Structures are given as structure tokens and as C-alpha cells.
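Peer 1: Please read through the structure below; I'll follow up with questions.
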Amino acid sequence: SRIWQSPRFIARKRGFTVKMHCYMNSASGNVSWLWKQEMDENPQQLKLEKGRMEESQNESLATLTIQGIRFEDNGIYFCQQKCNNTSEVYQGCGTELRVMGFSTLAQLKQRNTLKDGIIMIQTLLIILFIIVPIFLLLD
Amino acid sequence: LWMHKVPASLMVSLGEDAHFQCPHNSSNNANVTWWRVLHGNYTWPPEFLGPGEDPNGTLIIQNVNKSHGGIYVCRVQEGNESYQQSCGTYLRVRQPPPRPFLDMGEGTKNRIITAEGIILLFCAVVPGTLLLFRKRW
Amino acid sequence: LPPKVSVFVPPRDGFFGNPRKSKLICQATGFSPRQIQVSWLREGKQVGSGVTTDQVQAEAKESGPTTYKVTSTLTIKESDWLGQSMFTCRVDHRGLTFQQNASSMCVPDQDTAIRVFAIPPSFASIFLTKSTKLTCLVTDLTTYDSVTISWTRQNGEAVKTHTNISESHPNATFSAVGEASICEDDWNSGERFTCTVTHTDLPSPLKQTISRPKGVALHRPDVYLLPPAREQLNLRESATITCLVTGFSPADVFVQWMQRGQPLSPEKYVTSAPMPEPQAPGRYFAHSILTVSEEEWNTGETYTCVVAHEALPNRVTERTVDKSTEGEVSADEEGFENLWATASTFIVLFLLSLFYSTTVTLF
Amino acid sequence: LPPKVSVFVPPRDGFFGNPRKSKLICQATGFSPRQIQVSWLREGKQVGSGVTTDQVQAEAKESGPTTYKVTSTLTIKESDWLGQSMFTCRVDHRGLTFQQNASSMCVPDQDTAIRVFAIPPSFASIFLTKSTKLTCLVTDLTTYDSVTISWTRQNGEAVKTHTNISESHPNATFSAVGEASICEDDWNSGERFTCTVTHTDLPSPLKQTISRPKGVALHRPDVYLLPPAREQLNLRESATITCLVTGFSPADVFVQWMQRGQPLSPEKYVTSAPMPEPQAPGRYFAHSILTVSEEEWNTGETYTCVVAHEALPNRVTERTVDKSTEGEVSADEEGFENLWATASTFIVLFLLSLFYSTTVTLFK
Ligand SMILES: *[C@@H]1O[C@H](CO)[C@@H](O[C@@H]2O[C@H](CO)[C@@H](O[C@@H]3O[C@H](CO)[C@@H](O)[C@H](O[C@H]4O[C@H](CO)[C@@H](O)[C@H](O)[C@@H]4O[C@@H]4O[C@H](CO)[C@@H](O)[C@H](O)[C@H]4NC(C)=O)[C@@H]3O)[C@H](O)[C@H]2NC(C)=O)[C@H](O)[C@H]1NC(C)=O
Ligand SMILES: *[C@@H]1O[C@H](CO)[C@@H](O[C@@H]2O[C@H](CO)[C@@H](O[C@@H]3O[C@H](CO)[C@@H](O)[C@H](O[C@H]4O[C@H](CO)[C@@H](O)[C@H](O)[C@@H]4O)[C@@H]3O)[C@H](O)[C@H]2NC(C)=O)[C@H](O)[C@H]1NC(C)=O
Ligand SMILES: *[C@@H]1O[C@H](CO)[C@@H](O)[C@H](O)[C@H]1NC(C)=O
Ligand SMILES: *[C@@H]1O[C@H](CO)[C@@H](O)[C@H](O)[C@H]1NC(C)=O
Ligand SMILES: *[C@@H]1O[C@H](CO)[C@@H](O)[C@H](O)[C@H]1NC(C)=O
Ligand SMILES: *[C@@H]1O[C@H](CO)[C@@H](O)[C@H](O)[C@H]1NC(C)=O
Ligand SMILES: *[C@@H]1O[C@H](CO)[C@@H](O)[C@H](O)[C@H]1NC(C)=O
Ligand SMILES: *[C@@H]1O[C@H](CO)[C@@H](O)[C@H](O)[C@H]1NC(C)=O
Ligand SMILES: *[C@@H]1O[C@H](CO)[C@@H](O)[C@H](O)[C@H]1NC(C)=O
Ligand SMILES: *[C@@H]1O[C@H](CO)[C@@H](O)[C@H](O)[C@H]1NC(C)=O
Ligand SMILES: *[C@@H]1O[C@H](CO)[C@@H](O)[C@H](O)[C@H]1NC(C)=O
Ligand SMILES: *[C@@H]1O[C@H](CO)[C@@H](O)[C@H](O)[C@H]1NC(C)=O
Ligand SMILES: *[C@@H]1O[C@H](CO)[C@@H](O)[C@H](O)[C@H]1NC(C)=O
Ligand SMILES: *[C@@H]1O[C@H](CO)[C@@H](O)[C@H](O)[C@H]1NC(C)=O
């Protein structure tokens, strides 16, 4: 209607960059972002540190960039700009972020099976090393 | 308003049935239609998918395949007025992820591996000392 | 009053005599007053035999003053007519010389035909605007009159003419657009439509033709999309992203690119035209190229590739690539700190156990 | 006395006004008595508009019985005249009908005048065989004698005439495929080559001083070769290797595929024509794709791609991809796997020390 925001879903790989664009008319002041994980159900204000999350603003295109994402960035980001001439908050429905890992199906399966094959061996040897000496020394 | 309550993704495996919903606010006199929309500021017209199948406003889709991605949008209008439209629920699908040993993931197996290793080293030193130093004397 | 001087040459067959003879009429009427001096200068020289300049009869034109009419005549033989002589009409009317140069044979002057292109309506331009327009374009003519771009159906009957003739061009290569209209069903039935072009410099019209084939079968495309090759990126100059629409029938695919949600201008990409598949008998393939700066591709900037074909189940599909054409399952699992702690602990633990092994071997 | 009916038409440069209009004259003099009628016709339809018949006035004669004269006129639009429609005028003298034709179609001149042109040697012909030659094609002519084709030089020098003349063309015409072997550097120098054609009927030679169109500067293409996409390989039906050339000038590049040293059949790959580049000036790009069976791709089989251009130094370059072109998937995946490998090695390497120490202590 008045505030247009894209994209709707982003699924990157850990380490890369993400950009989110809020399209709004250049009349009613400046735009302030928000944040919402799925633990909450009411958007919170967004902090900002240089090198990580950073904001800019052209004529009628406001953007936000995050560098080197990680697993603690899986939330929905909202852009909000209230009219200073009419006093009405206008808000889009924002974006979503997901952070994928470095592995595939094939590697994971082998790693899991090797790890379990190793993990049973230590149990067997600990049982042997606790049962043999007591049976030997107890005579 | 209510045009923000809908989630932003849905998780299904192929061959199953997904569930959506559109929380109407006009007292059982409105019209509910479900559409499938493109990226945004699109040029091709959107397509008409299906009407409200049950009184409470739920859409059910079956026979999931690879080509069933994309945004699903519910559009509701009351008679002669303009329609009200949410901003969709992106759908992402892939079936495979397997079972094995659901109890713990890699986040736990490494820790108990290292604990078992250190405990084994701790417990495999005293028996040798007891067997050896108690034999000469 | 300066009259309108006109000369009406006979056709070649209309000859009579031995040797055969014919006549010219140098009828220049609509003039006043009576005074007139007519000279039928053959090769610039007057003829003293056969020139019959009749009396100056009054033209009873009630509206305004009564003007006068004249009727010049001159006879020539068959050999004289084919001698290609300039039988110029020079009338010293009212002390003013009026000249009218004409040939003496069947001479469509002289030889000049160029081009005409008939463009049929595609499929994307029927589903979007709901109007099956069809145009046939005439290129690089001169901005003269008497151009008539007329469409005719297969039964001889015609449809409407054009509008919006283009403007001047640096090479004097003006153009016309003979747009028309037709109901969709008639075009889908597949009958031949022809557009005819006429001109003052054309010895004959240019009957083009356009129709739609009937009986083709439907197959669906398979759009892939490739990123730039590493050797291009190592130059740090540019990159090219290519779609690939492989194995569809019939023709007329329709593609476009989007970025940031705003479609790109048509001056970036260069689409190709369908051409037959080597090994398959009746299928085609196409392409597309987008050129972007190399620094743009290195900081995100996901791109898309929208196609539209009439055999696809939902008429549209869309792919994408940014830089990380990856990101499979296991978002949170597989660990990242345990894998370091375990490696460090088991690097320490074996080294510690080696001392016990040494002591054991000693004892 | 029947009149002498004549029909006159205007020249093509005789139309004026908006819309442009002209006239036609149907005249018949030397008739007696005054009983005469005139009717115009338009392909079977008579139109009364724009008809101006004069009165039956006695002809001014010095001897013999005095006859009469009449003049009739019709007005037409130009778009009708230029559309090849036929107008006829009919005169009824004493109830006798006289009709005469008229139309704007007296163009034909049945002679030996035919189109004589040439096809220049494309770059494929010269590179493959070093056999620079040019062909002068002749059509619109039937079987004659002394039909001699002479590829005249700048000063009309010696020419090896064509052989193996074909049969009569299905037009009822004859195709004279002129040909003459030629040197190399003369064609690159902008020299005038006219195939003067001698004939028994019309020996007028149609001369065309064809030559190389001096022009655009020199640039060299670069070959980027692309392996097939993954989602195609998953289908396990076929793969499509792509050879890409960009930024060359002028046009007319030549490319062919080759594996194990012997060339593939020309029915296995498709090459597109050069097209302009959207950003730069009139430089071009072209694409060639080869479709292989997916089972062959999972073994080896380099599939080199060979191009051939003009500005290119040695006129040949090759590219090669077989199965290893993943190209730096990431900078951390390999470190992750390496760390896991070290940990996995050290586990089993550690267990040996415990087993060996315990058994050696027990066995002492
Ligand atoms: C002086 O400057 C002026 C100003 O530009 C020049 O005028 C240009 O003249 C060109 C002459 O070729 C015009 O180009 C033509 O018009 C279209 C623009 O590209 C294009 O349609 C034409 O392409 C046809 O020819 C191809 C080669 O023969 C065919 O293979 C092809 O199929 C094309 O035919 C149709 O093409 C359309 C695409 O638009 C398809 O949709 C149809 O399906 C095709 N139908 C058929 C049956 O083939 C051709 O390039 C150019 O438009 C014009 N510029 C204008 C009008 O602005 C002068 O040439 C220049 N003088 C010089 C150089 O001496
Ligand atoms: C009689 O029938 C025969 C077939 O049995 C037919 O022969 C062929 O006609 C074509 C069309 O005239 C000839 O093609 C010409 O020459 C070359 C050959 O490749 C073409 O490239 C030419 O195309 C150019 O010129 C055209 C006209 O200016 C352009 O429109 C076009 O875009 C190109 O610029 C040209 O078409 C062909 O050579 C002959 N075959 C042989 C063996 O010569 C013949 O045309 C029929 N005759 C008549 C009067 O219909
Ligand atoms: C954005 O607008 C506000 C409101 O006027 C003003 O403080 C300033 O122009 C901007 N705020 C910044 C840059 O922190
Ligand atoms: C804003 O966009 C315009 C495009 O019209 C561009 O020229 C300008 O540099 C942009 N401003 C900034 C600060 O990037
Ligand atoms: C639905 O929401 C609108 C706000 O957009 C509100 O005005 C209306 O009262 C609501 N309807 C019900 C039944 O709560
Ligand atoms: C609801 O919409 C459908 C299609 O959009 C229409 O057929 C139907 O008549 C509508 N119902 C009402 C009550 O307007
Ligand atoms: C893109 O959206 C803007 C409004 O945000 C609109 O003005 C523009 O027309 C849209 N693009 C197209 C191609 O319609
Ligand atoms: C259907 O909607 C009603 C509200 O009218 C709600 O109580 C019920 O839980 C819904 N059923 C499902 C399966 O969502
Ligand atoms: C899934 O089913 C639909 C309709 O039955 C079909 O069009 C589509 O191609 C199928 N998907 C795959 C991957 O076969
Ligand atoms: C309903 O909408 C139509 C527009 O199609 C309008 O002409 C009509 O006046 C409207 N009626 C009411 C009661 O709003
Ligand atoms: C013929 O007459 C026309 C009158 O407009 C004149 O322009 C032209 O030069 C003349 N040509 C000759 C050969 O006399
Ligand atoms: C050219 O076509 C457009 C759309 O069909 C029309 O609006 C315009 O008036 C036409 N040009 C002229 C000069 O009539
Ligand atoms: C005039 O033309 C018609 C055909 O349009 C023909 O039948 C007739 O014979 C012609 N007139 C003469 C005198 O031949
Ligand atoms: C001439 O044509 C014959 C076939 O009619 C062919 O065998 C021969 O090679 C041709 N000669 C040349 C020089 O092209």
C-alpha cells in the first residue's frame, strides 16, 4: 500500500553477506528497523555495530547489510517509518533469515557411522579394563 | 493488523499435505480465495488456486513434488469493497533427512567421546601400577 | 490564371497507320483570359505539321469568373514514338512559359524496390494485452505520399489500414507500421494473411504473406542457469550469467530478468532465437546473456530468470543464483566448538599416554 | 460512320492534390451522324461520378461530308491506378458497342536481362583448405551457347572458367555456376573482380566490382568453456558442454569440436551466428553446444574446443575440461574436513598406546 519490502526469505551459507531493502516514499522522515526472533512475539529494537549490521539510505530506497552471518541471526526483520505529518505508523511484514551449514548428506552419514563405531569401542575397553584387573588381583 | 500474523515459512516433505489458514474478521459473510504469487513487482498475472474449502478458512494441498515452491497468498473481500490481502507464507520442501540415533546430535557425541577418553585414561593407569608394584614386594 | 498543364501519353498498342501513328493531348485547362501561346516542341523544336491547337473555348464555370479551356493535339508516327524524343509541352501562356516533360513509351521509372517485413503476433502479446494485433513494416523509403499498407484476408476482403508513420532518420531511412486487428479465433484457425505495398517508384506491389502452422505438438522446457567461469572473474572486469531453455516445442519462448524486485531494462540482456536440436528430431533451444560488473557479483546481489512458455503447467517459472549455489540441510547440527575441543584434548591425551607407555616398557 | 475509339492514360508523375487525383481520356472522332453515346466502366462496374462528356460538335473539315467529334473524361484516385486495376471505356455509335482496354501494367520487357552476382569466400572455406576462390552465380537464363563467364581482374587478366555445368533448372531455366581459382593477397588488397558474362542473345556484360569491405578494426576472441549444470547431471539423460567466445571483431569466426584427435561429425554440435554486444561497440559473441550421453561424461574424455579467427596470432586455440572444474567451493570446508580427519586419526592412534602399554605390563 505505502511501504514495500523485499525479499521474503533468505537462506545463505555461514560466512556470506545479506541485504534487505525497504521501499518507501521520501516524505515522512527517517526509517528505523526492528527485530523479532521466534522466542518473542513482539518486535524489539535493533542494535548496530560497525563491521557487522550497517544501514544506509538513498532517495527512496533504504537498505541494511550484515557481514559474516552466524547461527544467532535467525529472525524476522521489520522496517517501520511513521509519518511525521499525519502521525500514523506504517509497517511492512519484513524478511526472514536462515543460516545453513558446510556439510552435505553423503559426508554427514559417513561421519556419524564412523563416530558411533568409535564410540562403542571405548565403552567395551573401559568395561574390560575395569573387569580384568579386579578379577586378576582378587585371586 | 491481521495481515502480519501469518508465518513466513512452512516445512513439508514430498507426498504429504500442508496446512495454511487466513484469519478472517468479517462475520461469516466474506469471500476467501487463495492465490500463488511471483517475486514482487511482478509482470505476469497471478493465478487462481482454490476457494475456501471449509467454513473456518483452511487450504489443503496434496501430492507434493519438486515444482511446488513459491509464495501462497490469501485474499479476502467483503462484497463490493476492496480486497484485503496478506503477504504470504513462503513454502520450502525437501523430504530426505534421515533417522539415525535421534537421541543426540554432533553437538553431544563429541563431548561424551572426549569425556569417555579421559575417563578411560584415568581408569587404565591405576590397575597396572597396582599389579606391578605389589608383585616385587 | 495559370492553368494545370497535363499530357496524356497513349499506351504502346494504340497505333494505327502505315507507318502507324498516334496522338498526344496537351490539355491545359482552367485558365483565363483568352490569351494563350502553345508550342509543341518536339526535342525542343516545334513541329509545323499535325499540330492542331483548337480555339480557346470559354469554360462556363458559374462559380466566379468564366474561365477558358484549350485543347492541344500533336500526331507522331510509330518510329517517332519509339524514337524516345522529348515531346515537351511549352505553353507561353500570358507571357509565362509553362513546361511539362513526358516520355513517349511505357516507362515505369525506373527500377527501385527495397523491402517489406511482416511480423506476426507472439503468444506473450496475446495473454497480456488481449489484442491479437499484426503489423507489416516497410523500411527505408522516402517520406512521399501514395504509400498504402493494406492487409487482405484469404477471401480478398480487407481490414483496416495503418497509423503513426515514423519520422525522419539520418540515412533518410523512414518507416511505416501497418498495424491492423483481428479476432483471436480467426488467427488461431490459421489462414494466410497478406499485406500489399504500393508506391510511385514501384513497378509492382510486394505481396508478402504470414500465417500460423497447424498441427504442432506441445512439450515443456527445462530452464537451467549457469554462473560465470573462473577465468572470467580472474580478469576483474566483468561476468556473464546465462540462462538455458532446452528442449521445447513449439517456438516463441519469452524471458526476462529481475533484480531487487525491480525488472531490468531491456538494454542489458541479449536473447537468442529458437533453432533445432541436434540429436532430438523436433525440439529447439535458446539462450540469454546478462553482463554485470565483477565487483557487483562479489557482494551478494542475487539475480533471477523468468521464462514463460505456453506448454508449462502454470505458464511461468523462475530460477536464481547469487554466489553460494550451496546451503544444503543441517543448519544447526554438525558442531563447531566441540570439533575443536575434542581435537585438542586428543592431541594432548596420546602424548601424555606415551610417557606411561615408555615407563611400562622400561619396567 | 463508326468513330475511331482511342484511350489515353496519364504518366505516373501526373497526380496532384490531397488526395492525389488524375484523369483519363476516351476520345472517338470522325463519326457521323450525331447519334452517339459514351459509358465508362470499372472492371464491370459503371460509375457516373466524374464523367464529363462534351456536346456533339461538327468536326472542322475542309472537304467531304462534315462529321462530328466527342470527348469523354473520367476522374480516378491514384491508389486505384497503382493497384493494377483495369478501366475500360465503351462508346455506342448508332447502337454499336465499341470497348477498349486500359491499365497501368505495360511493364514487361521479355529479354535476356538476368541477375548476375557473386558470393564472396567465407572464412570457413579459406582456413580449411587454403583454397581462396569466388563463385559467380547465373540464373533467370535457359540453355544457350557461348555463355562464357570471365572473372575479370582489375585489368581483365587470365581466368580459369568453370566446369561441371549443372542441368536445366526446374524453372525451365539454366544455372551457370561460374568459378575461377584465385590468388590470396589480391583479394585482401581491394581489387576489382567482375564476372563479365558473354551471351549469344544479349552479350551485354553485367559487371560487379566486388572486393573486400575495408573497415572495422581487429580484435581477438577469448574462449571460456563451461561444464554442465548439476541438476542436469541428476537427470542422468544427457549433458551439454558450452563453448563461449566474446569480444571479437570482425565477424565470421570458425569453431569445431574434437576429442581424442579425431573430429566429431558436423551433425553433433550447433553454432549460432554472431550477434552484437549490448555494451561495447559492434563487437560480437557466439555460442556452440555439444550434447553427449551422461554415461560418457563420468569417465574422462577431455572434449577440446577448437576456434579459428583472423586477428588471433596462430589462428588456433584450444580449451579443455574433463571432470575437475569445481573451482574453490569455499575457503573453510576443506579446513573443517581436515580438522575432522586429524581428530579421527588421533583417536585410533591413541587407542594403540593404551592397548600396547596394558598388554606389555601384563605380559612382563
Ligand atoms: C540509416 O539509419 C536508419 C536508422 O536506424 C536505418 O534504418 C534501419 O534499417 C534497418 C534495416 O535492416 C532496420 O532493421 C530491420 O528492422 C528491424 C530492426 O532490427 C528488424 O525486424 C529487421 O530484422 C529482420 O531481418 C533479419 C535479417 O534479414 C531477419 O532474419 C529477421 O527475421 C527480421 O525480420 C523480423 O524481425 C522481427 C524483429 O523485430 C521479428 O519479430 C520478426 O518475426 C521477423 N520477421 C521475419 C519475416 O523475418 C531489420 O533488422 C531498422 O529497423 C531501421 N531502423 C529504424 C527503423 O529505426 C538505416 O538502415 C540506415 N541506413 C544504412 C545503414 O544504410
Ligand atoms: C527456380 O527454382 C530454383 C530451385 O529449383 C530457385 O533456385 C534458387 O533460388 C534462390 C532464391 O532466388 C537462390 O538464392 C539466391 O542466391 C543465394 C544462394 O544462397 C542466396 O543467398 C540469395 O539470398 C540473398 O539475396 C536475396 C535476394 O536479394 C535476399 O532476399 C536474401 O536475404 C539474401 O540476401 C538468393 O536468394 C538460389 O541460388 C537458387 N539456386 C541456385 C542453385 O542458384 C530459383 O530461385 C527459381 N527461380 C525463380 C525465378 O523463381
Ligand atoms: C533521520 O531523521 C531524523 C528525524 O528528523 C533526524 O534525527 C535525522 O535527519 C536522521 N537521524 C539520524 C541520521 O540519526
Ligand atoms: C541513489 O541512486 C541514484 C540512482 O538514480 C544514484 O545515482 C546515486 O548515486 C544513489 N545514491 C547513493 C548515495 O548511493
Ligand atoms: C478485524 O480487524 C480489524 C482491524 O483491521 C478490526 O477493525 C475489526 O474489528 C476486526 N474484527 C473482529 C471481528 O475483531
Ligand atoms: C467468491 O468469489 C468467487 C470467485 O472469486 C465467486 O465465484 C463467488 O461468487 C464469490 N462469492 C460471493 C458471495 O461473492
Ligand atoms: C515497481 O513498483 C513501483 C512502486 O513501488 C511502481 O511504480 C512501478 O511501476 C513498478 N514497476 C513496474 C515495472 O511496473
Ligand atoms: C477452524 O477455525 C475455528 C475457528 O472458527 C477454530 O476454532 C479451529 O481450531 C480451526 N480448526 C483448525 C483445524 O484449524
Ligand atoms: C509432480 O506432479 C505434478 C502433477 O502431477 C507434475 O506436473 C510434476 O512434474 C511432478 N514433479 C516431478 C518432479 O515429477
Ligand atoms: C457496487 O460496485 C459497483 C461497481 O461495479 C458500483 O457501480 C455500485 O454503485 C456499488 N454499489 C454499492 C451499493 O456500493
Ligand atoms: C523537363 O521539364 C521539367 C519541368 O519541371 C524540368 O524540371 C526538367 O529539367 C526537364 N527535363 C529536360 C530534359 O528538359
Ligand atoms: C499509433 O498507435 C497508437 C496506439 O495504437 C495510437 O494511440 C496513436 O494515435 C497512433 N499514431 C497516430 C499518429 O495516430
Ligand atoms: C478489355 O478487357 C476485357 C477484360 O477486362 C476483355 O474481355 C476485352 O476483350 C478487352 N477489350 C478488347 C477490345 O479486347
Ligand atoms: C563438378 O561436379 C561433379 C558432380 O557433378 C563433382 O563430382 C566434381 O567434383 C565437381 N568439380 C569441381 C571442380 O567442383
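Please read every residue number as a count from 1 along the shown chain.
Technique stated in the header: electron microscopy, 3.6 Å.
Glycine is no exception: its Cβ is also placed from the backbone N, Cα and C atoms.
In case it's useful when we look at the structure, here is the feature table from Swiss-Prot:
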- B:1-84: domain 'Ig-like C2-type' (DOMAIN)
- B:1-111: topological domain 'Extracellular' (TOPO_DOM)
- B:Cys22-B:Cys74: disulfide bond (DISULFID)
- B:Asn25: N-linked glycosylation site (CARBOHYD)
- B:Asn31: N-linked glycosylation site (CARBOHYD)
- B:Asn41: N-linked glycosylation site (CARBOHYD)
- B:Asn56: N-linked glycosylation site (CARBOHYD)
- B:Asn65: N-linked glycosylation site (CARBOHYD)
- B:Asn80: N-linked glycosylation site (CARBOHYD)
- B:112-133: transmembrane segment (TRANSMEM)
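Help me understand the surroundings of these features in the structure.
Peer 2: The Cβ of B:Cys74 (disulfide bond) lies under 8 Å from the Cβ of B:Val6, B:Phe20, B:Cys22, B:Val32, B:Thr33, B:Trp34, B:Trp35, B:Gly57, B:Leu59, B:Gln85, B:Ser86, each of which sits 6+ residues away along the same chain.
Within the same chain, the residues at least 6 positions away from B:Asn25 (N-linked glycosylation site) whose Cβ sits under 8 Å from its Cβ are B:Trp2, listed in sequence order.
In the structure as shown, the Cβ atom of B:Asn31 (N-linked glycosylation site) sits within 10 Å of 14 other Cβ atoms. In three-state terms derived from DSSP, B:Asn31 (N-linked glycosylation site) belongs to an extended strand segment.
Within the same chain, no residue at least 6 positions away from B:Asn41 (N-linked glycosylation site) has a Cβ under 8 Å from its Cβ.
Long-range Cβ proximity for B:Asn56 (N-linked glycosylation site), meaning a same-chain Cβ under 8 A and a gap of 6 or more residues, is found for B:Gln21.
For B:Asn65 (N-linked glycosylation site), the same-chain residues 6+ apart in sequence whose C-beta sits under 8 angstroms from its C-beta are B:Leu14. Reduced to three states, the DSSP call for B:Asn65 (N-linked glycosylation site) is coil.
In sequence order, no residues are near B:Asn80 (N-linked glycosylation site), counting only same-chain partners six or more apart with C-beta under 8 A. In the three-state DSSP assignment, the secondary structure recorded for B:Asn80 (N-linked glycosylation site) is coil.
Beyond the ends of the transmembrane segment (B:112-133), by six or more residues, the same chain brings 104 to within a C-beta distance below 8 angstroms of the stretch.
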Peer 1: 10 Å Cβ neighbour count around B:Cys22 (disulfide bond)?
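Peer 2: Within a 10 Å radius of the Cβ of B:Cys22 (disulfide bond) lie 24 other Cβ atoms.
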Peer 1: Which recorded positions among B:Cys22, B:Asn25, B:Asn56, B:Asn80 have CB under 6 Å of ligand 7?
Peer 2: none
Peer 1: Please list, in sequence order, those recorded positions from B:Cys22, B:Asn31, B:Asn41, B:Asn56, B:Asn65, B:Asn80 with the Cβ less than 6 Å from ligand 6.
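Peer 2: Cβ < 6 Å from ligand 6, in sequence order: B:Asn31.
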Peer 1: Near ligand 5, which of the recorded positions B:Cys22, B:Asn25, B:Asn31, B:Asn41, B:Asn65, B:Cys74 are found, taking a Cβ distance under 6 A to any of its atoms?
Peer 2: B:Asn25
Peer 1: Taking a cut-off of under 6 Å between Cβ and any atom of ligand 9, tell me which of the recorded positions B:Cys22, B:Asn25, B:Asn31 pass.
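Peer 2: Near ligand 9: none of them.
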Peer 1: Under the DSSP assignment, what numbers of helix, strand and coil residues are found in the topological domain 'Extracellular' (B:1-111)?
Peer 2: 6 helix, 34 strand, 71 coil
Peer 1: Using a Cβ cut-off of under 8 Å to chain C, which of the recorded positions B:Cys22, B:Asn25, B:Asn31, B:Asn41, B:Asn65, B:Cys74 qualify?
Peer 2: B:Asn41
